[PDB]
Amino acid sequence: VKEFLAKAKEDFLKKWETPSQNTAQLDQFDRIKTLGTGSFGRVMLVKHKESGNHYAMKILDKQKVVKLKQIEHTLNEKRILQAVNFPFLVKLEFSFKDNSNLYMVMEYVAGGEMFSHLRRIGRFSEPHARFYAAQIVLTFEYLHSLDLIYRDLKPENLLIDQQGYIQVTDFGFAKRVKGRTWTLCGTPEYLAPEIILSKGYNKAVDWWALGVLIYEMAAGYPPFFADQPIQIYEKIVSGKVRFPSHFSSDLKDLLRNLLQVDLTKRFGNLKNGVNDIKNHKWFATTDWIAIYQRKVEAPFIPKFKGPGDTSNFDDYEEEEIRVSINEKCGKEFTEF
């Protein structure tokens, strides 16, 4: 892996250092329907006029971004996503801005969020959860080797593609950092205790969040839940975790090592790095290269009926995409 990652870093750094800009414009697409939303962004299925291809267009209102103090995070999101390349990371096809909004146009991943399948089916069997987990382990090995921390792992940000494999989306909190950082950001159920306790933290928070993800996939509910975030933070900080009766002993052992409040003990954070996870008994049946190569049979393949089908996505209320005749926040977003 060390040879592959070295070359991967060279490729990434060229793009990190000279990012792509302004590679499309709004009137090149017809907007069709909203696919999903987050706290201040909307992603729409669109059709590109000259190619006929569909894409997923993330639209951010620049004034909302500034009001919520997310300028730096948004510049991070686009600078990093345009620079990465890995089989389980969604591809950014175009980006541009206009007087009012920022646009990130990705490949459309039609199989829907992992979230919706997970809630509907209830939970995933351990082989099913393990197939998805292995892809995240490989993706975090890749991202961390570029000095990137991802910081927002959750089923709502994981899309299932037409072959049943994962595409990670939402680089909103991704950040290139050597050593520690302090921003309180993420999703409450997925936050590592060191984030909540404000002491400064590093890429080990992504391995914690992997533990949450695996738990939630295999249990059908998170290891720490409640009706309000403060109550969740209390449970995370207690760190007490209880497991469903049906979890295997191997899964329980892995999760105690990922949901480890002690950073000198947390898997992914030790001397052997990601190999403590890759070599754990729960992953004994996983062929790590075949996963990378996408040669493993997926446990589940969402129905797909045609270019532009959105039936694997919930419906959303639509709103006008307004573009003012006055430029908003031009200086702030110059490099976008």
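All residue numbers are counted from 1 along the displayed sequence. Think of the rigid core as the biggest set of C-alphas that the two forms share within 1.5 Å after superposition.
Next on the checklist: For a rigid core alignment of each structure in 5 other deposited structures of this protein onto the shown form, which stretch has the higher root mean square Cα deviation: 157 to 165 or 106 to 114?
Outcome noted: Most displaced of the pair in 5 other deposited structures of this protein: 106 to 114.
Next on the checklist: Fitting on the rigid core only, I'd like to know which of the two stretches, 40 to 48 or 287 to 295, ends up farther away in Cα terms in 5 other deposited structures of this protein.
Outcome noted: Of the two stretches, the larger average C-alpha offset in 5 other deposited structures of this protein falls on 40 to 48.
Checklist entry - Looking across the other entries that model both neighbours, is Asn312 missing in at least a third? => result Yes, left without coordinates in at least a third.
Checklist entry - Taking the recorded C-alpha temperature factors, which stretch has the higher mean, 88 to 96 or 194 to 202? => result Per the deposited B-factors, the answer is 194 to 202.
Next on the checklist: Quick check: 297 to 305 versus 30 to 38, which has the larger average CA B-factor in the record?
Outcome noted: The stretch with the larger average C-alpha B-factor is 297 to 305.
Item to check | Residue of maximum C-alpha B factor among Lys240, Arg79, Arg123, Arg176, per deposited coordinates | outcome: That would be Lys240.
Checklist entry - Which one of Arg180, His128, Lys154, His117 shows the biggest C-alpha B-factor in the PDB entry? => result Comparing C-alpha B-factors across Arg180, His128, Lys154, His117, the maximum falls on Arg180.
Checklist entry - In terms of the CA temperature factor given in the entry, to which third of its chain does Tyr165 belong: lowest, middle or highest? => result Middle third, going by the recorded CA B-factors of the chain.
Next on the checklist: Based on the deposited C-alpha B factors for this chain, I'd like to know if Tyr132 is in the lowest, middle or highest third.
Outcome noted: Middle third of the chain for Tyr132's C-alpha B-factor.
Checklist entry - What third of the chain, by the recorded C-alpha B-factor, contains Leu13? => result It belongs to the middle third of the chain when residues are ordered by C-alpha B-factor.
Item to check | Among modelled residues of the same chain, the CA temperature factor third for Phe333 | outcome: Tercile = middle for this residue's CA B-factor.
Item to check | Among modelled residues of the same chain, the CA temperature factor third for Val66 | outcome: Within its chain, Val66 is a middle-third residue by C-alpha B-factor, going by the deposited values.
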